[PDB]
Each structure stands twice: as structure tokens, then as C-alpha cells.
């Protein structure tokens, strides 16, 4: 039943071949400064299981890990590389990462281990990690005999599956996408994560003090105005005070009871003073739980740093996501919350944070793919696009655009981006579909090319079964041909949206790779810290700011060539907050 492997107690010369499938196993979910539990190598000479202590103490092994000339096939190499970075070891030569290769072929399958990736091509000579390691309170590294076998099986799997995966990719015209975009990007992310971002804790802790006092005030009020105490954070308990005791109008039901979202409470404010106090409490509460307490809990005390993990093979569109902490949802919209960014600071002395963002990248991508003339023009003029849209759909001159007319031409614009229907717009603008379709009809009259795109795209999705991005990312939409209207329409929104959202991910991903090449060429010390969807955040010495101001937007703006110009803006300052 077993798979044959030498359980090596010493590193021999035949374990160091030029081509190999390697496994450096890090069971911990958060791999930052995480133990490596075992190692397996498979190559032309055999199958080997090496204990970390033995192997990682071996100058010959660690030299093989670092040699770029020695090519290694792997599953989720970033996990491996970071875990080794924390131990002063560099991993190079990884020319094939199956996790990223599975992800490119079909992001829907949710590949998250070798077993899942293996089934894709009908190979099942390997177990689901969860099967070996357990789950949750049961998670545990097993004994050496079981471990070594599993690890060798994974390795064997990778060795087996490379050629078939790489062949399919090529058919799909995604071979370069793997080797030139996603894999090279894997390295940059490794470094970004390892580096981390410094957190001024005292600053954070003080904010935690002020909030604690402010929440204590609002809380008391709420109970006073309620004439009672209850768990304000309970959707069920609160829904009893609002909709039963104070007889507030039920404007919405959730699946399990009445809805107490901000949207509902905003409308109920005129009826009772308790409402404003609840929303105020929720705002200050979110900040306390997620942005002061949640953060201080993941700051490493040793370096006062946070090292996020960037998931590269998770999002359905090609975007990244970051975890523990999520450094892509730090509050910026309201001033109270925006001040949480004062706690993100440069890691050295005399350094500054530097933020470069893309200006309306999505809509610029739409302009390019749809080839809409009116829209291409608007961008060649570097116009305010919301004002411009307000001018066209409402048939007025620049000076006639009122603030609300602009607020709505915005709502629509993102409607178009998301492929939204009258109904989605209706609620979004607070109105009715009878009038929401009038805007839409009116939009497509000023933008015949975008209309033309929505039609062609849904149809190609219908015919081909998938939609593609500029750089060849792919999304299968099996639900497009569904008979259920809800399920059909949603797939159509995806057909419409994914090439836009996903071509934007590709572009910034390419930027990131170009930025790295240049930072190195220019011998600048500036290092890339975060990526927030259309934004790159760096920290550099104060001396380098001036060059970065000219260098970063140019590398970004030049990442690809669309029919409309790309436009970047930048800022910098003592803290992240100030990079505004």
C-alpha cells in the first residue's frame, strides 16, 4: 500500500539534483516564524524524507536551496520561502508552483492543497491535508511514519503533475502568465510579508483609551434612552428594543429576524434619539474590536511589526487578499477611523511612508476594452469622469452639474463597472427600477460602446464558457446558461465585471514586478510594503522621496499600454495617515 522512500538521516549527494520536486512543510496556518515539521524531495534518483534539523543544519542542503540553477517544483512556495526567511535561509530556483498553476486554470475549484489540485487531473495517490493533520482543536502533526509518507506523497504528486499542468496552461495561453507574472510576483510578496510594517503601539493603545471612554459614554446613554440594559451587539436583543419596545417601523427583515443594519437605522433616526446613539456606538465599536484590539493582538512584540499574509490563489478575479491582519481594509473614509493609520509608521529612523495609487483604473480599463469613443475621449482629456457622466446622462453643461447629480452619476458608474441591474442601482440610489433603467438606457445612449461591450461579453461568456482578462486570467461561468433568473443574471454581472476588475489586478501585478526591477537597478533602499488593490505603499529614506516621486508613477503608468493613458497620484509623510 505504502510508497517507497528512503527515510534519510543524512544528506547525500544524490538528494541535490538540478531538477526536483520539494516539500518544506509548515503546518501552522500563519507561517510567519512557524516551525518546519518535515521535508521531502523527489527527483530522478528517488524519494527522500529529511528531518528539518538534519537537513537545515547541512551546508550542502542549504546551498542547494539557495542555488537558482537548481530547479525545484513546489506547492505554495511562498509559505516555504517565508518560513525559511525567518530562519536565515533563502529559497531560490522554484520554477514551478502547482498551487499557483492550479489557481490559474480554475479559480473556482478552490484548490488549497496538493490533494485538491491533484484530483483536477485524476490523481489521488495523496491525501487532503485536513485528513492527515486533522482540523481545529484536533489539528496535530502525527508521528514520523505517517508524516514522512504524506510528505513524500505530496512531493511525488508534484513531480507527477508538472508536465500536465504546464501543458494545459500552454493550451490556454497562460504559460507566460505563470512563469512571468504570478510566480515572479510570489517572491516580491514573500519579501513584502517578511519585511512587515511597523506599528506605533503606544499611539494605538492611546486611541484604545479614548475609545474606551467614548463607548462607555454612548453605552450608558443607549441604556438610558432605552430605559434598560441589553447586549447592544446582539442583532436579536437590539431588534427587540427597537422594533418591539419602542415600536420602530420594520423596514427590513433579515433571513433570521428584523434587520438592524446602518441603512435601516439611518431611516429610523427621526423617530427616536436612541438610533443616532446606536450607529455612533457601532462605529466606535468596530474600531475597538477590529482596528485597535484586533491589531494590537497581531503585532509581534519582538519587533512591533505586523506581517500580513497575502493570499495570491484565492480571489475569483485575480486580485490579492491579505490576512491576519487584513491590511487592505484599514479605515480611510471617515476621519475618526482614518486616524488609525497614524499608527502605521516607517520601520527605520528618518524614513517616510510613500503611497502611489491609480486614478480610476477600472473605468480606464473599461474605456480600453469596450473601445467606447466618448469614454476614451473623457480619459484623454483627463476629465473628472463622474462630472462628465453627470453631464451626459442628465444633458447639462459643466456648470449645471449639481453635487447630487454627481453623486448619482457616480453610483451609476460603479453600477456599470459591476454590471449592475436596475434593481441593484435602485436600492443603491434609494429609488425604483422603473427609473433606474431610465438612467441605464440614458447611459448607454452616451456610451454605445460600453453597451456594445456588455452584450458581446455576456455572449462570449455564453459561447466560450469563460471570460478572460488582458493578461489571460480566466473565469469559468457555468451558471451563465442557467434557467433560474437570479443565478443567470449574477453570472452575467460577472461576465461583465471580471474582465475589468481582473485586468486591473493584472496591471498592478505587472507594475509591482517592474517596480522591483527598477528599485534594484536604481540601487534605492525603498521597499515595497503593501498592495491595496490599486495602490502601492512603500517606505524609504527621506533622501529617496524625491526620486520615488518621479520613479513610482512612471513604472506604474507604464506597466501596460492601453488606448487611454494611465494616471497615478502619489503622497508621502511621516505616517501612513499622512501619505494622503
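Numbering follows the first chain given and starts at 1.
- Look at the C-alpha B-factors of 83-91 and of 230-238. On average they run higher in 230-238.
- As recorded in the PDB entry, 130-138 is the stretch of 130-138 and 111-119 with the greater mean C-alpha temperature factor.
- Within the group 496, 505, 366, 426, the record's highest C-alpha temperature factor is found at 426.
- Taking the deposited Cα B-factors for 500, 157, 99, 393, the highest one is held by 393.
- Ranked against the other modelled residues of its chain, the C-alpha B-factor of residue 17 as given in the entry falls in the highest third.
- Ranked by C-alpha B-factor against the other modelled residues of its chain, residue 66 falls in the middle third.
- In the PDB entry, residue 536 places in the lowest third of its chain by CA B-factor.
- Ranked within its chain, residue 56 lands in the highest third, by CA B factor from the PDB record.
- Ranked by C-alpha B-factor against the other modelled residues of its chain, residue 153 falls in the lowest third.
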